[PDB]
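Numbering (the entry's author numbering), first residue to last: 257 to 279, 287 to 399, 404 to 572.
We put the beta carbon where it would ideally sit given N, CA and C, even for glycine.
Written out below as structure tokens is the structure these notes cover.
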Amino acid sequence: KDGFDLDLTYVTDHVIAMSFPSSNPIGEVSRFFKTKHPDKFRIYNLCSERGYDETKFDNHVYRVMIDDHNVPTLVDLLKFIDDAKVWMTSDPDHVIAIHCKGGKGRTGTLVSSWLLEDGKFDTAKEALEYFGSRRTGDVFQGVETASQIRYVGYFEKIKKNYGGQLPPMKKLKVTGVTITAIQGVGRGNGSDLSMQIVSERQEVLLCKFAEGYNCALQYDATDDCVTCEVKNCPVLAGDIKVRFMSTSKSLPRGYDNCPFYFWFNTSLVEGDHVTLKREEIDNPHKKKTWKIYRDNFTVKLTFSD
Ligand code: NA
Numbered sequence: 257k258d259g260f261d262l263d264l265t266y267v268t269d270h271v272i273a274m275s276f277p278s279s287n288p289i290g291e292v293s294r295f296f297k298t299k300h301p302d303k304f305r306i307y308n309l310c311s312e313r314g315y316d317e318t319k320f321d322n323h324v325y326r327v328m329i330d331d332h333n334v335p336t337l338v339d340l341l342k343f344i345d346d347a348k349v350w351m352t353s354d355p356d357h358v359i360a361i362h363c364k365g366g367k368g369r370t371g372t373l374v375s376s377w378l379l380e381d382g383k384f385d386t387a388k389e390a391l392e393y394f395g396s397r398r399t404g405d406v407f408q409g410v411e412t413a414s415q416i417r418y419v420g421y422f423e424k425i426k427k428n429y430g431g432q433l434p435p436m437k438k439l440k441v442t443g444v445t446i447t448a449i450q451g452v453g454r455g456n457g458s459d460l461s462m463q464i465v466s467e468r469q470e471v472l473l474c475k476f477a478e479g480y481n482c483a484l485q486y487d488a489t490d491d492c493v494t495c496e497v498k499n500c501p502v503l504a505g506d507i508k509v510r511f512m513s514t515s516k517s518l519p520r521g522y523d524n525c526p527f528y529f530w531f532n533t534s535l536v537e538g539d540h541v542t543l544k545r546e547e548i549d550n551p552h553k554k555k556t557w558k559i560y561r562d563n564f565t566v567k568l569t570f571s572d
């Protein structure tokens with residue numbers, strides 16, 4: 257419209273999703296907002312990797328450092344909701360524009376959460392699906412990774428069960444991992460696998476199954492599964508990312524430079540373990556990998572503390 261040719265979408269009348277303003288060239292994204300929404304916009308940059316001259320948007324850019332194919336911290340997500348809320352409710356004409364690189368996975372994570380906050384939807388599934396329709404009914408059009416779906420759900424849970432405020436802190440130690448449908452995955456018995464636990468951007472534990480480096484591996488051919496005792500785990504708090512690596516050539520890497528990974532938040536765990544199915548693990552959630560990760564592929568972390 258009106259001389260503009262932009263990868264930009266009105267998710268609602270006052271919520272916009274878009275691509276990175278590059279040098287979508289930044290000058291025309293700059294014009295667009297100065298023309299269509301003068302003095303009434305706030306840009307959210309969701310890329311940890313890239314920034315720009317924010318003066319082109321009159322310094323109205325707010326940054327969320329999110330890694331490509333990952334999730335914001337819950338703290339960060341909640342802060343974004345607060346910032347957007349204040350801006351949105353201040354003036355009925357105020358508009359928010361949210362972006363990552365593709366205006367896809369990270370973007371969809373905050374937009375669907377914003378849609379929850381704003382009461383347009385009751386459930387994360389509905390919001391995600393709605394964002395998916397506007398951006399392109405499937406939850407995976409909305410965001411890119413299973414952890415991104417989980418974090419929208421986390422926000423749903425916070426809003427519904429914790430009055431929009433952070434839950435009470437729990438801390439955990441990982442004591443065990445079980446992986447089911449191990450056959451056809453890497454070497455098929457877990458010998459090629461290692462697990463890295465990441466908290467606050469740092470490695471906090473590395474386990475190598477074959478060598479028994481911080482672990483003890485057990486392979487059960489009858490049950491087609493691996494159980495691994497995890498040792499030396501530090502106390503874990505907040506948003507934990509668990510990454511699985513392979514030394515095996517037949518196990519390809521998806522996003523995050525590994526075969527498969529996932530995020531969870533310690534306080535939003537229930538009881539004693541978390542079990543993820545195939546469509547809830549990052550990378551195996553993609554149909555292209557389903558002859559490797561079969562439909563009873565599963566990852567379970569066992570906790571204490
Ligand atoms: Na404590």
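In chain order, each beta strand (DSSP E) run of at least 3 residues that lies wholly inside the region 456–538: 460–466, 469–475, 482–487, 492–497, 506–513 and 527–532
Return yes when the Cβ of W557 is within less than 8 Å of the Cβ of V334, no when it is not. no
Counting only runs of 3+ residues fully inside the region 319–375, write out the beta strand (DSSP E) ranges in chain order. 324–329 and 358–362
Below 8 Å CB to CB, which residues in the same chain sit around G420 once its five sequence neighbours on both sides are set aside? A387
Relative to the ligand NA, is the shortest distance from any of its heavy atoms to the C-beta of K438 smaller than 7 Å? yes
Which same chain residues end up closer than 7 Å to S513 when comparing Cβ atoms and leaving out the 5 residues on each side of it in sequence? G453, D459, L460 and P526
Just the Cα atoms here: how many angstroms apart are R305 and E467? 27 Å
Residue(s) in a DSSP beta bridge with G443: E496 and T569
Please classify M436 as buried or exposed, where buried requires at least 16 other C-beta atoms within 10 Å of its C-beta. exposed
Under 8 Å, do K508 and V541 count as touching if we go by C-beta distance? no
Using only alpha-carbon positions, find the residue among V410, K299, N532 and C482 that is nearest to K367. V410
How do the region 358–372 and the region 265–278 stand: do at least 3 beta-carbon pairs fall below 8 Å, yes or no? yes
Which residue from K297, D549 and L503 puts its Cα closest to that of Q415? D549
Inspect the beta-carbon positions of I559 and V493 and report whether they are closer than 8 Å. no
Just how far apart, CA to CA, sit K498 and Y325? 40 Å
Option in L535, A413 and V327 with minimal Cα separation from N428: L535
With H, G and I counted as helix, E and B as strand and the rest as coil, what does DSSP make of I449? coil
If we count the other Cβ atoms within 10 Å of its Cβ and call it buried at 16 or more, is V358 buried or exposed? buried
Please determine, among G451, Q485, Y418 and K567, the residue with the shortest C-alpha to C-alpha distance to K516. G451
Enclosing beta strand (DSSP E) for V271 [first to last residue]: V271 to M274
Tell me which same chain residues have a C-beta within less than 8 Å of the C-beta of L503, skipping the five on either side of it? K438, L439, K440, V441, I464, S466, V471 and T533
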